[PDB]
Structure formats: C-alpha cells, structure tokens
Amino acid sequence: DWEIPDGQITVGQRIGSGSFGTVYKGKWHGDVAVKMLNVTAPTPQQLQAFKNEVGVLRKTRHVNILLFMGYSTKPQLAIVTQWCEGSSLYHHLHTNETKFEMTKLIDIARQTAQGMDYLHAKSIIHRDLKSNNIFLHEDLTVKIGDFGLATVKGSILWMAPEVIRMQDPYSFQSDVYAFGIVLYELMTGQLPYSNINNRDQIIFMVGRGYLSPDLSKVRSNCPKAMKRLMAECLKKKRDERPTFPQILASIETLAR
C-alpha cells in the first residue's frame, strides 16, 4: 500500500494551484511536492476525484512521469510526488523567457512524447497536458504532472476543437492536440492566439474551426519535419492526428 501515516509529511512553501487542490513544496524522505484539498470534510465527489487520481498515478512508473510517492487522508486528502528541481515548461518559455538551444527544444519534445506514449500504452488519458504540468528537473529531465483530470480508457489554449464544442470528447487524440500546442510553445516561444485578448472569442473560434495556431511564427531554425509534425498534431479533425508512437518515431528520425 501507498498510504503515508499522519504526521510524517512536512508541508512548506505554497507553490501554486493544481487540479482540485493546492500544491506545496514539502519534505517526506527528502523533497516532495504535495497536492491537498483544503475543505474540512470532503464531499463524496471530491473523495472520488482523489481515489481516482491515486488510482491513475499508481499505474505509472516512468522517468518522464512525475513520480508518485504516496498519499495521505488525515488530516486532509493529499497526494505526494517527487519534487522536481526546476520550473514548469510554461514558466521557462513565457515568464522567464528562457532561450533554449534548438536541439534542447527538440529533446524536450521528445521526452514529453516519450511520457505520453507511456500513459497511452497504459490506457491513460491525461486530459490536462499543457506546459504548466510539464516540469524540467535539473534542467535535463522532463516530468509530466498533475493527474487530477486523468482517467483510464479551464486551460483553453490546449483544448482540441472537439473538446471545446463538447458535442460528442476526450481521447488519445485530444491528448495529441494538447501536445501539438506544447510543440507550438517550444517552437515559437509563445502561447497561441497571443494577438487576441478575449478568452470567449478564442473559445468560440477554435471550436468552430475559424482559428488555429499560426505556424509562421516558428523560430527560423526549427526543422521542416518538426513544423510538419506540429501541423499534423494540430489537425482539427481528430482522426487525422498521429498517434504517440508515430509522433515519437518522427521526432527520433531527426537524429540529423
């Protein structure tokens, strides 16, 4: 079992917000990240979300998945993962405006793909992949985190058009679209639709197919093959999008 007895986890600095909780930097056999729900008595729904999230996490053991270490229920519902010594991909690209070498950008994309490939093989749909949930350990290793929304089979900039419309909606392919947006961020250094200042309009338009990321903004040394893979991942029609083994193969094919 993976339950941690009450009183063992030290909780330090509040790091930010996750899906259905608050994330802190903590101590439990070294540095850890802890997500907890703060409601005194959790509702059956909340208690469910927690049981589901743990269930998904414990199915994951892979270098590119943020390492699940354990959970606590008293005094509150808490999830414990390894602490990643570094910043989220989002922070790097958009807050700090870190300029990475192209080969390092590709390597990041490769690992993210590597992680996604694993989840999908295990029948996990992340449902919340975005650069906020991708953390760079010691500047080298990529870790995908925050499984609050994952299952086994508010961040609109990564949502596939079908997900926005809600008419069907989550799948391996919607995960792949989110990946495409992460690729975009890597290759452009920007969030999409950054010349549009209205969230509802972006929602309406991506949903209806009127708007899509502008690939002419990719850094000029971004390989043609990579620009092309990005376009494939971003196909409005979900069935036209590649699978992760495919995405992986073509990234690896850039051993050039």
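The first residue of the shown sequence is 1; numbering continues from there.
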Worksheet item: What is the count, as a class, of unmodelled deposited residues between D168 and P169: none, 1 to 3, 4 to 9, or 10 or more?
Response: 1 to 3
Worksheet item: In the deposited sequence, how many residues between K122 and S123 have no modelled coordinates (none, 1 to 3, 4 to 9, 10 or more)?
Response: none
Worksheet item: With respect to the recorded C-alpha B factors, which stretch has the higher mean value, 141-149 or 100-108?
Response: 100-108
Item to complete: Could you check which stretch, 73-81 or 182-190, carries the larger mean CA temperature factor in the entry?
Response: 73-81
Discussion item. Using only the C-alpha B-factors in the record, can you name which of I196, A49, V206, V56 has the highest?
Written reply: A49
Discussion item. Going by the CA temperature factor in the PDB record, which third of the chain does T22 belong to: lowest, middle or highest?
Written reply: highest
Worksheet item: Thinking about Cα B factors across the chain, which third does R61 belong to?
Response: lowest
Worksheet item: Which third, lowest, middle or highest, does the CA B-factor of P213 fall in along this chain?
Response: lowest
Fill in: CA B-factor ranking of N133, expressed as a third of its chain
lowest
Worksheet item: Of the three thirds of its chain by CA temperature factor, lowest, middle or highest, which one includes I202?
Response: lowest
